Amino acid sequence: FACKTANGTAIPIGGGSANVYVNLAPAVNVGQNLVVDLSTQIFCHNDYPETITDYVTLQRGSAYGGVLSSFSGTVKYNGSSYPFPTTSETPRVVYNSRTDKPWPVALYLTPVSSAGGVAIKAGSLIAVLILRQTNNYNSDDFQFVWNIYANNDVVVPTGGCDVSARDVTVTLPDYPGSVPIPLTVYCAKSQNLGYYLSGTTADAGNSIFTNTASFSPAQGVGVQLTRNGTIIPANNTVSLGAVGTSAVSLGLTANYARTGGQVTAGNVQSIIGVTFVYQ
């Protein structure tokens, strides 16, 4: 019995460990969010299938690493779901062919937010998985340890919903004018979704965001967001109603808004946070 990765790294008879570099495409799913499918990344075979049956489990202690170590979730092992980190060994999967077959492991994360996320830098550790191999031949009991690394920068969703983008830049027409903000949200299953803006405001109503351009700033203007003409101030929850699998636009538009005093030439910039909640 031995195993190898998609890039050819191998662990031989008797076990050992290897590093696995994977391209991530996290996605929200109903009740659990996909972190990484490894059934395309790790493969194993039985070396004497006419004579020996090999048994393979995911051993307890397998867990997320890096920034993901705080999170709990599930592991999908040959189609069935088990808690993750594994606190007890999974059932046994038979290996009975010389042909390399996938080790059918997919890691999921339990939602803890509405539409939150957590950044994964390329090259960081996301999981350590312990493959345990036994047989019906002798008392071999071998450990194949897979250190899973992110091969790319991604954001793993931590909520029931996901956004069209995490960083959006828009450019206003030269003053005066407005521009739509392209920003949508969907949820794996229907959720009662809201959101609220956060940022530095120049007015009492907390509805105009300060011009924080640092090079040659204009004066007397800020930025103000509208939802089809309704002013959206900071720290006020806006309801989106029920959001499901069809993307919903937040409906937002950026405007210049007077803040007081002579409006002078220069640059305008405002950074505005969006945070989703359940209602």
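Start at 1 and count along the sequence shown; that's the residue number.
On average the C-alpha atoms of 67-75 have higher B-factors than those of the other stretch, with 67-75 and 88-96 being the two compared. The PDB entry reports B-factors from which the mean C-alpha value can be compared for 210-218 and 231-239; the larger average falls on 210-218.
Between the residues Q143, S198, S190, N138, the entry's highest C-alpha temperature factor is the one at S190. Going by the entry's values, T245 shows the largest Cα B-factor out of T245, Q59, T226, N46. Compared with the other modelled residues of the chain, the Cα B-factor recorded for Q32 ranks in the highest third. Residue-level temperature factors show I271 in the middle third of its chain, judged at the C-alpha atom. The entry lists a Cα temperature factor for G160 that places it in the middle third of the chain's modelled residues.
Split the chain's modelled residues into thirds by C-alpha temperature factor. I13 is in the lowest one. In the deposited entry, the Cα temperature factor of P182 places it in the highest third of its chain's modelled residues.
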